[PDB]
Amino acid sequence: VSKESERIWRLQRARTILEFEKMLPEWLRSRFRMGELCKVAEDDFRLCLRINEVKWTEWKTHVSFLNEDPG
Amino acid sequence: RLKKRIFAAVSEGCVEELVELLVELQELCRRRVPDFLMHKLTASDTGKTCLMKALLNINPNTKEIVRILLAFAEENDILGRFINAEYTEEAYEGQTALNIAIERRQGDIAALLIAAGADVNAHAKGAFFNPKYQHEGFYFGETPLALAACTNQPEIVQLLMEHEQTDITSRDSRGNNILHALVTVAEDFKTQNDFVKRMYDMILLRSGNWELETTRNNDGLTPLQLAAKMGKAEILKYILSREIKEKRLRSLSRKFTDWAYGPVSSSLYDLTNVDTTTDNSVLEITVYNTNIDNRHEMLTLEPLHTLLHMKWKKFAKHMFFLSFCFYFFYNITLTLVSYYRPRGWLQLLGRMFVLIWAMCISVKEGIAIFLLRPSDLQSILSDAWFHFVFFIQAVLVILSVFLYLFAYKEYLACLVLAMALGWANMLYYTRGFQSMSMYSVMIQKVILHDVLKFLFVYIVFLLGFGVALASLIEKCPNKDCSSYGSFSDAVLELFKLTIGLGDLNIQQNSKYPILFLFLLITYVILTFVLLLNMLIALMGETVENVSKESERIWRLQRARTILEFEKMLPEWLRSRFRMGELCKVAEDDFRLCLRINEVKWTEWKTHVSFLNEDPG
Ligand SMILES: COc1ncnc(OC)c1C(=O)Nc1nc(C(F)(F)F)c(-c2ccnc(C(C)(C)C#N)c2)s1
Ligand SMILES: COc1ncnc(OC)c1C(=O)Nc1nc(C(F)(F)F)c(-c2ccnc(C(C)(C)C#N)c2)s1
């Protein structure tokens, strides 16, 4: 029942987030506008969302990346 | 341009012959002294060279590419200033090609660079490698040895440690050496699978000497005190009980099993920077730091656990019982002067007792509050909170005596409040005994968490339905025509409807009686649902969680009480108690060891080692 209450809270939270995003005008929505514009290919330039993670298990040489200088 | 051409030729890696041709052309242009060559081989803005740019972009043909690059550098007497070129940007300042070859987990190329003269003592002192927040930057110790250790590369660590020019005892920007950095980097077992403990053991044995463990960073913290400060419980458990059975590296041990026969084992733990006789030991740090929430797991490690147990048995049990007895008799006298109030032979003697003891309690708990750092008050079921209620009660007592000496009538409110709060504060002492600990923590959890939330929502219900049923009731010319008359009348009737002292059938006197009874039955149903909700939350959630949470809170309060009592004693008394006896460990070691005999009846192994084989 606590799973159920937490799940209901998360679902209604997402629902009211989307409700509130619909009330704003166009300019306020464009001023919030989640997502940074990023070039991912030769000429792609698609809006992305950045997520940092730390994994201490899958040790691999890093050969796929867009920037060679992290930060 | 040739710089961009060579850079792309060395980064793409699909063409090594193209960089060979460009290097032939570079030698041709150089035929026309070293500075022009390295200005055409390193990006002037950042400082990245063809070695860095080649190692950042790894491909199956990068070993031959770096061989070609180092050959061209050696054939020009420039290898020195080329293989040890570093960044210049304030983000990766000091990063070298060895750092880049180790972060890419390139063992062959790393051995190549070290055998070609790369300074293994380079310090990546840039804002990326010394960040302020994780996930933006990565702190490893600012050294290729620390980088190879922090990223689980035991073979590169062996290669760097078997080097002669390497420096294991080198301190980075923060003063952290390899061991402070390994402590800073350790996370958990469900996150790292416990390789930092293995790297710690390896780097400590290979450099067999106390210079790494006795080094203080820019905060004065050794690796052990640093593992205590940030709650690295696995690293701390490893260090605090670390037994080297090798005959030469046994002085690096902290626990010396010298006795084991069957399931029994009498070991000798080390108490050098542990047993509360130094500036800030592992015991005091482990007990007093409230920025981790891992103390429950760290106060169970063998030396700290037995040290707290023995401090208790020796003096703190008695000091706690005397504290409890004094507070109990102070509360009894406060009760007696509250009941027998004036409405001076021995009464004033007792009042002066409670007044001087209230002043003493007030100064004590006020001192404790002054040096009471935040993050202690993070949890409500924490001992730090009690200093506040003890202070408030002592303040109420002295304020009531002040108001009684003068001609005020409100001294009785303060006196009765002080008596009630003292009897409540006895809960601090019942949380110090063991059984009463579980009982009192369960009671206080119920109250402070669930009773207060339920009481907030229930006060909302009470006030709402009291206004609703009071506005529905017609004024009438002044004996009790109604029962839900004034607002306080309605709130009282609803409250004692909840606790079972109320009747649904009263003098109506209202003009909308069906709406009145609908609202009343709605109150009853909603408050039953709320009551049963709280009751279900209690009966389900706390049958398993607070069961152990009781032991957690008891252990924390016990440790904090033991340590403050030990601080209260005079220095000669502390010197008298001072658990732990001297023991010769090596040629000249002579450390204060604590003997702990542990019988584990689930033993399947054999023991052959000793310090005094003759069982004590
Ligand atoms: C709305 O329901 C609730 N919602 C949340 N919490 C609740 O309890 C606090 C309740 C509830 O009804 N509680 C109870 N009240 C009483 C009363 F004695 F007062 F009658 C209970 C009772 C009655 C008779 N014999 C016992 C013994 C001593 C055997 C036990 N045990 C207990 S039980
Ligand atoms: C007297 O017994 C009854 N007879 C007939 N109907 C009843 O229910 C309406 C009842 C009954 O239990 N009433 C109650 N009133 C209250 C009050 F909060 F208001 F004080 C209850 C209470 C008080 C304090 N902590 C709880 C916890 C959080 C432990 C729970 N759960 C519940 S319980």
# chains A, B, ... in the order shown; residues from 1 in each chain; ligands from 1

$ interface_residues --of "chain A" --to "chain B" --cutoff "12 Å" --atoms "only C-alpha atoms" --output "list in words"
residues 1, 2, 5, 50, 51, 52, 53, 54, 55, 56, 57, 58, 59, 60, 61, 62, 63, 64, 65, 66, 67, 68, 69, 70 and 71 of chain A

$ closest_atom_pairs --of "chain B" --to "ligand 2" --cutoff "12 Å" --atoms "only C-alpha atoms and all ligand atoms" --output "CSV"
residue,atom,partner,partner_atom_place_in_ligand_line,distance
B:442,CA,ligand 2,29 (C),11.1
B:443,CA,ligand 2,29 (C),9.3
B:444,CA,ligand 2,29 (C),11.0
B:445,CA,ligand 2,28 (C),10.3
B:446,CA,ligand 2,29 (C),6.6
B:447,CA,ligand 2,28 (C),7.0
B:448,CA,ligand 2,28 (C),9.7
B:449,CA,ligand 2,28 (C),8.9
B:450,CA,ligand 2,28 (C),5.5
B:451,CA,ligand 2,28 (C),4.5
B:452,CA,ligand 2,28 (C),8.1
B:453,CA,ligand 2,28 (C),8.7
B:454,CA,ligand 2,28 (C),6.5
B:455,CA,ligand 2,18 (F),6.7
B:456,CA,ligand 2,18 (F),10.4
B:457,CA,ligand 2,18 (F),10.5
B:458,CA,ligand 2,19 (F),7.7
B:459,CA,ligand 2,19 (F),9.5
B:461,CA,ligand 2,19 (F),11.0
B:462,CA,ligand 2,19 (F),10.0
B:491,CA,ligand 2,19 (F),11.9
B:492,CA,ligand 2,19 (F),11.3
B:493,CA,ligand 2,19 (F),12.0
B:494,CA,ligand 2,19 (F),9.7
B:495,CA,ligand 2,19 (F),6.6
B:496,CA,ligand 2,19 (F),8.0
B:497,CA,ligand 2,9 (C),7.1
B:498,CA,ligand 2,9 (C),4.1
B:499,CA,ligand 2,13 (N),4.0
B:500,CA,ligand 2,4 (N),4.0
B:501,CA,ligand 2,1 (C),7.4
B:502,CA,ligand 2,5 (C),8.9
B:503,CA,ligand 2,5 (C),10.5
B:504,CA,ligand 2,5 (C),11.8
B:521,CA,ligand 2,9 (C),11.5
B:523,CA,ligand 2,9 (C),9.9
B:524,CA,ligand 2,9 (C),7.0
B:525,CA,ligand 2,9 (C),8.6
B:526,CA,ligand 2,9 (C),9.6
B:527,CA,ligand 2,9 (C),6.6
B:528,CA,ligand 2,9 (C),5.4
B:529,CA,ligand 2,9 (C),9.1
B:530,CA,ligand 2,31 (N),8.3
B:531,CA,ligand 2,31 (N),5.0
B:532,CA,ligand 2,31 (N),6.1
B:533,CA,ligand 2,31 (N),7.4
B:534,CA,ligand 2,31 (N),4.8
B:535,CA,ligand 2,31 (N),3.8
B:536,CA,ligand 2,31 (N),7.6
B:537,CA,ligand 2,31 (N),8.5
B:538,CA,ligand 2,31 (N),7.4
B:539,CA,ligand 2,31 (N),9.0
B:540,CA,ligand 2,31 (N),11.9
B:542,CA,ligand 2,29 (C),11.9

$ select_by_dssp --residues "chain A" --states "helix (DSSP H, G or I)" --output "PDB file with C-alpha atoms, in the first residue's frame"
ATOM      1  CA  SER A   2       2.973   2.315   0.458  1.00  0.00           C
ATOM      2  CA  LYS A   3       4.181   1.356  -3.018  1.00  0.00           C
ATOM      3  CA  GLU A   4       0.670   2.237  -4.198  1.00  0.00           C
ATOM      4  CA  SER A   5       0.617   5.624  -2.460  1.00  0.00           C
ATOM      5  CA  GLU A   6       4.106   6.564  -3.681  1.00  0.00           C
ATOM      6  CA  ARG A   7       3.179   5.446  -7.205  1.00  0.00           C
ATOM      7  CA  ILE A   8      -0.046   7.471  -7.145  1.00  0.00           C
ATOM      8  CA  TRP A   9       1.897  10.499  -5.931  1.00  0.00           C
ATOM      9  CA  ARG A  10       4.482  10.166  -8.705  1.00  0.00           C
ATOM     10  CA  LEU A  11       1.811   9.666 -11.375  1.00  0.00           C
ATOM     11  CA  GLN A  12      -0.227  12.670 -10.256  1.00  0.00           C
ATOM     12  CA  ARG A  13       2.993  14.675  -9.909  1.00  0.00           C
ATOM     13  CA  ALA A  14       3.842  14.025 -13.555  1.00  0.00           C
ATOM     14  CA  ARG A  15       0.249  14.739 -14.575  1.00  0.00           C
ATOM     15  CA  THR A  16       0.155  18.097 -12.789  1.00  0.00           C
ATOM     16  CA  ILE A  17       3.603  18.988 -14.139  1.00  0.00           C
ATOM     17  CA  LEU A  18       2.216  18.560 -17.644  1.00  0.00           C
ATOM     18  CA  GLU A  19      -0.986  20.415 -16.718  1.00  0.00           C
ATOM     19  CA  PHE A  20       1.063  23.349 -15.414  1.00  0.00           C
ATOM     20  CA  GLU A  21       3.241  23.375 -18.525  1.00  0.00           C
ATOM     21  CA  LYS A  22       0.091  23.803 -20.634  1.00  0.00           C
ATOM     22  CA  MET A  23      -1.041  26.901 -18.717  1.00  0.00           C
ATOM     23  CA  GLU A  26       4.382  30.334 -25.434  1.00  0.00           C
ATOM     24  CA  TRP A  27       7.180  32.679 -24.364  1.00  0.00           C
ATOM     25  CA  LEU A  28       7.421  31.326 -20.813  1.00  0.00           C
ATOM     26  CA  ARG A  29       7.475  27.774 -22.177  1.00  0.00           C
ATOM     27  CA  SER A  30      10.288  28.756 -24.544  1.00  0.00           C
ATOM     28  CA  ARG A  31      12.103  30.338 -21.607  1.00  0.00           C
ATOM     29  CA  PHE A  32      11.951  27.123 -19.573  1.00  0.00           C
TER      30      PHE A  32
END

$ residues_around --residues "residue 425 of chain B" --least-positions-apart "2" --cutoff "12 Å" --atoms "only C-alpha atoms" --output "PDB file with N, CA, C and O atoms, in the first residue's frame"
ATOM      1  N   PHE B 324      21.105   9.921  36.174  1.00  0.00           N
ATOM      2  CA  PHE B 324      19.692   9.564  36.230  1.00  0.00           C
ATOM      3  C   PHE B 324      19.125   9.757  37.624  1.00  0.00           C
ATOM      4  O   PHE B 324      18.015  10.267  37.776  1.00  0.00           O
ATOM      5  N   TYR B 327      18.684  13.487  38.399  1.00  0.00           N
ATOM      6  CA  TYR B 327      17.542  14.061  37.694  1.00  0.00           C
ATOM      7  C   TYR B 327      16.227  13.532  38.247  1.00  0.00           C
ATOM      8  O   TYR B 327      15.244  14.270  38.333  1.00  0.00           O
ATOM      9  N   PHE B 328      16.197  12.262  38.650  1.00  0.00           N
ATOM     10  CA  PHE B 328      14.990  11.680  39.221  1.00  0.00           C
ATOM     11  C   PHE B 328      14.610  12.359  40.527  1.00  0.00           C
ATOM     12  O   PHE B 328      13.440  12.686  40.747  1.00  0.00           O
ATOM     13  N   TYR B 330      15.607  15.370  41.508  1.00  0.00           N
ATOM     14  CA  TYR B 330      15.261  16.747  41.182  1.00  0.00           C
ATOM     15  C   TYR B 330      13.831  16.838  40.667  1.00  0.00           C
ATOM     16  O   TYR B 330      13.088  17.757  41.030  1.00  0.00           O
ATOM     17  N   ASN B 331      13.408  15.855  39.874  1.00  0.00           N
ATOM     18  CA  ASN B 331      12.037  15.828  39.380  1.00  0.00           C
ATOM     19  C   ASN B 331      11.050  15.548  40.500  1.00  0.00           C
ATOM     20  O   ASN B 331       9.955  16.116  40.524  1.00  0.00           O
ATOM     21  N   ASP B 383      19.832  12.106  20.042  1.00  0.00           N
ATOM     22  CA  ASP B 383      20.143  12.596  21.375  1.00  0.00           C
ATOM     23  C   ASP B 383      20.410  14.092  21.460  1.00  0.00           C
ATOM     24  O   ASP B 383      20.160  14.698  22.485  1.00  0.00           O
ATOM     25  N   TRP B 385      18.827  16.573  20.394  1.00  0.00           N
ATOM     26  CA  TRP B 385      17.589  17.281  20.687  1.00  0.00           C
ATOM     27  C   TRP B 385      17.297  17.430  22.172  1.00  0.00           C
ATOM     28  O   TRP B 385      16.707  18.408  22.580  1.00  0.00           O
ATOM     29  N   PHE B 386      17.686  16.456  22.974  1.00  0.00           N
ATOM     30  CA  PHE B 386      17.440  16.509  24.402  1.00  0.00           C
ATOM     31  C   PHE B 386      18.082  17.689  25.112  1.00  0.00           C
ATOM     32  O   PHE B 386      17.534  18.164  26.086  1.00  0.00           O
ATOM     33  N   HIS B 387      19.264  18.114  24.690  1.00  0.00           N
ATOM     34  CA  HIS B 387      19.911  19.280  25.289  1.00  0.00           C
ATOM     35  C   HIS B 387      18.969  20.479  25.313  1.00  0.00           C
ATOM     36  O   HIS B 387      19.022  21.304  26.211  1.00  0.00           O
ATOM     37  N   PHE B 388      18.115  20.569  24.307  1.00  0.00           N
ATOM     38  CA  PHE B 388      17.142  21.646  24.193  1.00  0.00           C
ATOM     39  C   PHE B 388      16.025  21.517  25.217  1.00  0.00           C
ATOM     40  O   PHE B 388      15.665  22.509  25.853  1.00  0.00           O
ATOM     41  N   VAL B 389      15.478  20.318  25.408  1.00  0.00           N
ATOM     42  CA  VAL B 389      14.370  20.177  26.346  1.00  0.00           C
ATOM     43  C   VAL B 389      14.862  20.255  27.787  1.00  0.00           C
ATOM     44  O   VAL B 389      14.182  20.818  28.651  1.00  0.00           O
ATOM     45  N   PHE B 390      16.052  19.721  28.072  1.00  0.00           N
ATOM     46  CA  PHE B 390      16.622  19.879  29.406  1.00  0.00           C
ATOM     47  C   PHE B 390      16.869  21.349  29.717  1.00  0.00           C
ATOM     48  O   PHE B 390      16.581  21.817  30.827  1.00  0.00           O
ATOM     49  N   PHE B 391      17.373  22.101  28.736  1.00  0.00           N
ATOM     50  CA  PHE B 391      17.604  23.524  28.928  1.00  0.00           C
ATOM     51  C   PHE B 391      16.296  24.275  29.117  1.00  0.00           C
ATOM     52  O   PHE B 391      16.197  25.147  29.984  1.00  0.00           O
ATOM     53  N   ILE B 392      15.284  23.958  28.308  1.00  0.00           N
ATOM     54  CA  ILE B 392      13.991  24.626  28.429  1.00  0.00           C
ATOM     55  C   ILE B 392      13.376  24.355  29.793  1.00  0.00           C
ATOM     56  O   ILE B 392      12.797  25.251  30.416  1.00  0.00           O
ATOM     57  N   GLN B 393      13.513  23.131  30.297  1.00  0.00           N
ATOM     58  CA  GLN B 393      12.923  22.814  31.591  1.00  0.00           C
ATOM     59  C   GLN B 393      13.665  23.508  32.726  1.00  0.00           C
ATOM     60  O   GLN B 393      13.038  24.046  33.646  1.00  0.00           O
ATOM     61  N   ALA B 394      15.000  23.516  32.682  1.00  0.00           N
ATOM     62  CA  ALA B 394      15.755  24.230  33.707  1.00  0.00           C
ATOM     63  C   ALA B 394      15.453  25.723  33.667  1.00  0.00           C
ATOM     64  O   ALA B 394      15.338  26.376  34.715  1.00  0.00           O
ATOM     65  N   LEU B 417       4.499  23.399  34.133  1.00  0.00           N
ATOM     66  CA  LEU B 417       5.114  23.053  32.859  1.00  0.00           C
ATOM     67  C   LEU B 417       6.496  22.451  33.060  1.00  0.00           C
ATOM     68  O   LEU B 417       6.873  21.503  32.366  1.00  0.00           O
ATOM     69  N   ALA B 418       7.267  22.990  34.004  1.00  0.00           N
ATOM     70  CA  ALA B 418       8.597  22.462  34.271  1.00  0.00           C
ATOM     71  C   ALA B 418       8.527  21.056  34.843  1.00  0.00           C
ATOM     72  O   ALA B 418       9.329  20.192  34.475  1.00  0.00           O
ATOM     73  N   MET B 419       7.570  20.799  35.732  1.00  0.00           N
ATOM     74  CA  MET B 419       7.405  19.448  36.259  1.00  0.00           C
ATOM     75  C   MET B 419       7.029  18.468  35.149  1.00  0.00           C
ATOM     76  O   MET B 419       7.601  17.372  35.042  1.00  0.00           O
ATOM     77  N   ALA B 420       6.074  18.857  34.299  1.00  0.00           N
ATOM     78  CA  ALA B 420       5.648  17.978  33.215  1.00  0.00           C
ATOM     79  C   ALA B 420       6.785  17.717  32.236  1.00  0.00           C
ATOM     80  O   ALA B 420       6.988  16.578  31.793  1.00  0.00           O
ATOM     81  N   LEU B 421       7.557  18.752  31.906  1.00  0.00           N
ATOM     82  CA  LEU B 421       8.658  18.575  30.973  1.00  0.00           C
ATOM     83  C   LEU B 421       9.787  17.762  31.582  1.00  0.00           C
ATOM     84  O   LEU B 421      10.466  17.034  30.862  1.00  0.00           O
ATOM     85  N   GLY B 422      10.008  17.855  32.894  1.00  0.00           N
ATOM     86  CA  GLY B 422      11.004  16.998  33.511  1.00  0.00           C
ATOM     87  C   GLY B 422      10.610  15.537  33.465  1.00  0.00           C
ATOM     88  O   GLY B 422      11.434  14.659  33.164  1.00  0.00           O
ATOM     89  N   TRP B 423       9.343  15.249  33.753  1.00  0.00           N
ATOM     90  CA  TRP B 423       8.912  13.861  33.674  1.00  0.00           C
ATOM     91  C   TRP B 423       8.935  13.356  32.242  1.00  0.00           C
ATOM     92  O   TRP B 423       9.155  12.164  32.014  1.00  0.00           O
ATOM     93  N   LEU B 427      12.602  10.400  29.625  1.00  0.00           N
ATOM     94  CA  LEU B 427      12.709   9.533  28.458  1.00  0.00           C
ATOM     95  C   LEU B 427      14.139   9.469  27.937  1.00  0.00           C
ATOM     96  O   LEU B 427      14.531   8.468  27.329  1.00  0.00           O
ATOM     97  N   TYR B 428      14.929  10.519  28.164  1.00  0.00           N
ATOM     98  CA  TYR B 428      16.335  10.482  27.780  1.00  0.00           C
ATOM     99  C   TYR B 428      17.080   9.392  28.531  1.00  0.00           C
ATOM    100  O   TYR B 428      17.933   8.703  27.962  1.00  0.00           O
ATOM    101  N   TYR B 429      16.770   9.222  29.815  1.00  0.00           N
ATOM    102  CA  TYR B 429      17.438   8.203  30.610  1.00  0.00           C
ATOM    103  C   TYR B 429      16.880   6.820  30.327  1.00  0.00           C
ATOM    104  O   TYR B 429      17.635   5.845  30.307  1.00  0.00           O
ATOM    105  N   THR B 430      15.571   6.706  30.098  1.00  0.00           N
ATOM    106  CA  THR B 430      15.045   5.396  29.730  1.00  0.00           C
ATOM    107  C   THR B 430      15.544   4.935  28.367  1.00  0.00           C
ATOM    108  O   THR B 430      15.494   3.738  28.078  1.00  0.00           O
ATOM    109  N   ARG B 431      16.034   5.846  27.528  1.00  0.00           N
ATOM    110  CA  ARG B 431      16.708   5.462  26.296  1.00  0.00           C
ATOM    111  C   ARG B 431      18.163   5.085  26.520  1.00  0.00           C
ATOM    112  O   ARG B 431      18.883   4.851  25.544  1.00  0.00           O
ATOM    113  N   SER B 440      11.239   2.912  24.768  1.00  0.00           N
ATOM    114  CA  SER B 440      11.144   4.363  24.735  1.00  0.00           C
ATOM    115  C   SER B 440      11.346   4.908  23.330  1.00  0.00           C
ATOM    116  O   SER B 440      10.699   5.884  22.946  1.00  0.00           O
ATOM    117  N   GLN B 444       8.627   7.140  21.404  1.00  0.00           N
ATOM    118  CA  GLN B 444       8.967   8.475  20.933  1.00  0.00           C
ATOM    119  C   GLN B 444       8.863   8.567  19.418  1.00  0.00           C
ATOM    120  O   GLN B 444       8.494   9.615  18.880  1.00  0.00           O
TER     121      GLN B 444
END

$ atom_distance --atom1 "atom CA of residue 100 of chain B" --atom2 "atom CA of residue 52 of chain B"
6.7 Å

$ residues_around --residues "segment 251-253 of chain B" --least-positions-apart "4" --cutoff "8 Å" --atoms "only C-alpha atoms" --output "list in words"
residues 205, 208, 209, 210, 241, 242, 243, 244, 585, 586 and 589 of chain B

$ closest_residue --among "B:95, B:483, B:437, B:225" --to "residue 508 of chain B" --atoms "only C-alpha atoms"
B:483

$ select_by_dssp --residues "chain A" --states "strand (DSSP E)" --output "mmCIF file with N, CA, C and O atoms, in the first residue's frame"
data_model
loop_
_atom_site.group_PDB
_atom_site.id
_atom_site.type_symbol
_atom_site.label_atom_id
_atom_site.label_comp_id
_atom_site.auth_asym_id
_atom_site.auth_seq_id
_atom_site.Cartn_x
_atom_site.Cartn_y
_atom_site.Cartn_z
ATOM 1 N N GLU A 36 19.525 21.278 -23.800
ATOM 2 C CA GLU A 36 20.568 22.087 -24.417
ATOM 3 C C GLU A 36 20.781 21.617 -25.851
ATOM 4 O O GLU A 36 20.775 20.411 -26.120
ATOM 5 N N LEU A 37 20.944 22.564 -26.771
ATOM 6 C CA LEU A 37 21.226 22.209 -28.154
ATOM 7 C C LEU A 37 22.640 21.659 -28.277
ATOM 8 O O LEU A 37 23.603 22.263 -27.799
ATOM 9 N N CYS A 38 22.764 20.500 -28.923
ATOM 10 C CA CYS A 38 24.051 19.827 -29.028
ATOM 11 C C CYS A 38 24.238 19.278 -30.432
ATOM 12 O O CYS A 38 23.293 18.751 -31.027
ATOM 13 N N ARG A 46 20.811 18.355 -32.532
ATOM 14 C CA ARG A 46 19.542 17.992 -31.917
ATOM 15 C C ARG A 46 19.540 18.358 -30.441
ATOM 16 O O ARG A 46 20.548 18.200 -29.750
ATOM 17 N N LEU A 47 18.404 18.873 -29.975
ATOM 18 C CA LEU A 47 18.228 19.200 -28.567
ATOM 19 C C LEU A 47 18.366 17.952 -27.706
ATOM 20 O O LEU A 47 17.637 16.976 -27.891
ATOM 21 N N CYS A 48 19.296 17.987 -26.752
ATOM 22 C CA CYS A 48 19.529 16.860 -25.867
ATOM 23 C C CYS A 48 19.378 17.288 -24.416
ATOM 24 O O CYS A 48 19.145 18.454 -24.105
#

$ residues_around --residues "segment 565-575 of chain B" --least-positions-apart "6" --cutoff "10 Å" --atoms "only C-alpha atoms" --output "PyMOL selection string"
chain B and resi 276-277+311-312+315-317+319-320+559

$ residues_around --residues "segment 342-355 of chain B" --least-positions-apart "4" --cutoff "8 Å" --atoms "only C-alpha atoms" --output "PDB file with N, CA and C atoms, in the first residue's frame"
ATOM      1  N   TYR B 330      15.607  15.370  41.508  1.00  0.00           N
ATOM      2  CA  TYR B 330      15.261  16.747  41.182  1.00  0.00           C
ATOM      3  C   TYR B 330      13.831  16.838  40.667  1.00  0.00           C
ATOM      4  N   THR B 333      11.429  16.327  43.717  1.00  0.00           N
ATOM      5  CA  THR B 333      11.305  17.544  44.514  1.00  0.00           C
ATOM      6  C   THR B 333      10.531  18.621  43.764  1.00  0.00           C
ATOM      7  N   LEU B 334      10.693  18.685  42.442  1.00  0.00           N
ATOM      8  CA  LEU B 334       9.914  19.633  41.653  1.00  0.00           C
ATOM      9  C   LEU B 334       8.428  19.303  41.716  1.00  0.00           C
ATOM     10  N   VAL B 337       7.156  20.375  45.220  1.00  0.00           N
ATOM     11  CA  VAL B 337       6.946  21.808  45.388  1.00  0.00           C
ATOM     12  C   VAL B 337       5.877  22.329  44.442  1.00  0.00           C
ATOM     13  N   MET B 359      19.838  25.859  37.730  1.00  0.00           N
ATOM     14  CA  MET B 359      20.919  26.688  37.199  1.00  0.00           C
ATOM     15  C   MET B 359      22.065  25.829  36.671  1.00  0.00           C
ATOM     16  N   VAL B 397      12.181  26.314  35.312  1.00  0.00           N
ATOM     17  CA  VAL B 397      12.272  26.241  36.769  1.00  0.00           C
ATOM     18  C   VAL B 397      12.827  27.541  37.338  1.00  0.00           C
ATOM     19  N   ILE B 398      13.938  28.027  36.778  1.00  0.00           N
ATOM     20  CA  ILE B 398      14.524  29.244  37.333  1.00  0.00           C
ATOM     21  C   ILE B 398      13.613  30.442  37.073  1.00  0.00           C
ATOM     22  N   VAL B 401      10.921  30.341  39.720  1.00  0.00           N
ATOM     23  CA  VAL B 401      11.415  30.844  41.001  1.00  0.00           C
ATOM     24  C   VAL B 401      11.534  32.364  40.967  1.00  0.00           C
TER      25      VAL B 401
END

$ atom_distance --atom1 "atom CA of residue 416 of chain B" --atom2 "atom CA of residue 400 of chain B"
9.3 Å
